[PDB]
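Numbers here are sequence positions counted from 1. These values consider heavy atoms only, across backbone and side chains, with no hydrogens, waters or symmetry-generated copies. When a ligand or atom number is given, it counts from 1 through the structure's own listing order.
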Amino acid sequence: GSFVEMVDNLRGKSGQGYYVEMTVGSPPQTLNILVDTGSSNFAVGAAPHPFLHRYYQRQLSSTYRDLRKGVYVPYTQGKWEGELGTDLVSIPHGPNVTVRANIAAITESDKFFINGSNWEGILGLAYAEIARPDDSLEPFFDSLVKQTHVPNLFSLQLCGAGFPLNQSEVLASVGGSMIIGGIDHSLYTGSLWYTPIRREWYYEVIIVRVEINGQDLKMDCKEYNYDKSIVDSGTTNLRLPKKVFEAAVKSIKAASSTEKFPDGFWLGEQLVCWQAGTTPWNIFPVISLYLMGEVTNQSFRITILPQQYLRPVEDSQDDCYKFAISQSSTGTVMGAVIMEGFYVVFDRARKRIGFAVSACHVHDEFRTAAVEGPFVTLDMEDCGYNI
Ligand SMILES: CNc1nc(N2C[C@H]3C(=O)N(C)C(=N)N[C@@]3(c3ccc(C#N)s3)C2)nc(C)c1F
């Protein structure tokens, strides 16, 4: 329905992450926390770091409980290490509940904290299977549902501004909404379409067709989900498996061939700039991903514009962007590129993910993002990868 207390509770941007205010401990210690649907731990800075102006002080919380266990989390781009404990946690612009949750108190880290991101921890919203050290460490959302009457669902509206936000503007701007326990109808237009959650670890889905300006990429659909396809608010880009990225970039270059861009642009390294207001959106194609539907032999599609996959960056008065589609060796990742176009419903109770056109997506007067269906699609289970 309507969850006015939670609408507009996020801040941030796709390159640095979207975060929500949380409190930990007694008396409450306020921290800004990255919303990550690609991990399952609640972890906060708990020791001084050059990029943190605040951190969780366990000795100041009367409700802190030490679990006497360490946790080491190396990942591809960085790492964090900490000490496990539990404490009382609340979300000020959230459900009006306080829960006892696991917290990893980060004591050491490498390339985890981002200079100027304004966040001090991470809220992993995925399932216990991928929690560290193991699946016995109950994730935050599981605790919240177990201890309260909050429904087992959350929804995210990540709002890209469509232009660069400076240090002061990004602190003052609304970055979106995280609706805990419900769906807010003001955040989307048109209908919500649902895709099954294939398996409960990451938010895994199955892509059954890909089009660039309506032209079928025509790959075996297993390639689109090799080795998985996930929905991840903690990734900036739309990331595609190597072979799919090579085919997609060839098609996007062919569609936009009236302008030549350097190799560095297509590699997501180099910015491209145009005179203020003259970005040639129309030369870039729309991209459609068809997802397995809830009904047998039915699919639906989500369509994004270049206003989603060209990420605004500061250079001058030019309008500059980086290409936000990149290669992956770990499957498709529908990152903040995809998510900024849509309101996304993580319906854990019904094992499904819903998509609807976001009320805050960036577009122009000629094209809009879309969520449409149904389409007849056969042998969709064959699109999922095994082993
Ligand atoms: C691999 N298993 C685990 N992986 C992770 N992460 C993988 C990181 C990543 O690479 N992406 C993309 C992501 N979605 N989440 C992470 C972020 C770190 C900083 C971010 C920012 N800004 S996002 C955390 N955490 C735990 C606790 C695991 F167990």
Side-chain angles (χ1 to χ4, degrees), residues 10-20 31-46 49 51-52 67 69-76 78 80-85 101-142 156 158 160 170 175-176 178 199-205 227-241 268 311 324-340 344 346:
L10 303 182
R11 284 192 286 161
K13 58 195 190 168
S14 61
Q16 293 198 292
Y18 286 92
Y19 60 88
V20 68
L31 297 169
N32 284 325
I33 304 295
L34 177 77
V35 171
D36 185 18
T37 66
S39 66
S40 304
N41 282 75
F42 177 42
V44 302
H49 185 277
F51 304 163
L52 297 175
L67 283 174
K69 195 183 183 177
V71 53
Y72 172 51
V73 186
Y75 57 89
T76 301
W80 62 250
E81 254 159 290
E83 294 171 1
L84 295 163
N102 292 309
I103 307 179
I106 298 168
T107 52
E108 289 172 22
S109 60
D110 185 48
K111 298 188 292 302
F112 177 72
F113 296 118
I114 299 173
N115 194 194
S117 72
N118 210 40
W119 52 260
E120 297 106 9
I122 188 160
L123 179 60
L125 293 164
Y127 299 93
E129 179 169 313
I130 63 166
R132 299 300 181 85
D134 59 64
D135 68 8
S136 71
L137 195 76
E138 185 172 85
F140 175 82
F141 205 86
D142 294 52
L156 293 171
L158 306 187
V170 72
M178 174 169 63
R199 203 168 70 74
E200 301 149 302
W201 59 313
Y202 287 99
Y203 286 102
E204 186 182 6
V205 297
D227 58 346
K228 58 185 175 299
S229 287
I230 70 173
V231 183
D232 182 9
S233 63
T235 287
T236 297
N237 287 358
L238 167 60
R239 305 184 69 224
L240 299 168
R311 182 170 67 83
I325 305 179
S326 60
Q327 185 186 314
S328 174
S329 64
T330 61
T332 292
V333 183
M334 297 169 59
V337 160
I338 288 289
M339 300 186 68
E340 284 174 359
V344 186
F346 293 80

Practice task
With heavy atoms of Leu34 as the reference, note each atom of ligand 1 found under 4.0 Å away.
Solution key: 20 (C), 21 (C), 22 (N), 23 (S)

Exercise for the section: Classify the contact between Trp119 and ligand 1 as side chain, backbone, both or neither, using a heavy-atom distance cut-off of under 4.0 Å. Expected result: side chain

Exercise for the section: Mark the output for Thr76 as yes if a heavy-atom distance to ligand 1 is under 4.0 Å, and as no if none is. Expected result: no

Fill in the blank from the handout: Note: ligand 1 atoms sitting under 4.0 Å from heavy atoms of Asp232 are 12 (C), 13 (C), 14 (N)

Problem - Contact summary for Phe42 and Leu123, nearest pair of heavy atoms - result: CD1-CD1, 4.0 Å

Handout entry: Test item, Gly234 contacting ligand 1 (heavy atom, 4.0 angstrom)
Key = yes

Practice task
Kindly identify the option in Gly12, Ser40, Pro74, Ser39 whose heavy atom sits closest to atom 6 (N) of ligand 1.
Solution key: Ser39

Practice task
Give a yes or no on whether the ring-centroid distance for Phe141 and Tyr127 is below 6.0 angstrom.
Solution key: no

Exercise for the section: Taking the side chain as every heavy atom from C-beta outward, state whether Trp80 and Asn41 have any pair of such atoms under 4.5 Å apart. Expected result: yes

Fill in the blank from the handout: Ranking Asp36, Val35, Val73 by closest non-hydrogen atom to atom 24 (C) of ligand 1, top hit is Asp36

Exercise for the section: Number the atoms of ligand 1 from 1 as they appear, then name those within less than 4.0 Å of a heavy atom of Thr235, with their elements. Expected result: 12 (C)

Problem - Qualifying residues under side chain to side chain contact (heavy atoms under 4.5 Å, CB included), relative to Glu204, sequence neighbours excluded - result: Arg198, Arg199, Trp201, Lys228

Handout entry: Close side-chain approach of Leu125 to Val35, heavy-atom, < 4.5 Å
Key = yes

Handout entry: Heteroatom proximity flag, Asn41 to ligand 1, N/O under 3.5 Å
Key = no

Handout entry: Residue pair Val231, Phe346: steps toward the side chain to side chain contact (heavy atoms under 4.5 Å, CB included) verdict
Key = CA-CA 10 Å; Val231 183; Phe346 293 80; 3.8 Å; yes

Completion exercise
For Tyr18, the ring-ring contact (aromatic ring centres under 6.0 Å, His included) test, sequence neighbours excluded, returns none

Fill in the blank from the handout: Out of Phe112, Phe42, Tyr72, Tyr75, the nearest non-hydrogen contact to atom 9 (C) of ligand 1 is supplied by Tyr75

Problem - ligand 1 atoms in contact with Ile130 (distance to a heavy atom under 4.0 Å) - result: 29 (F)

Exercise for the section: Looking only at non-hydrogen atoms, find the nearest pair between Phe113 and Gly121 and report the distance. Expected result: CE2-N, 4.4 Å

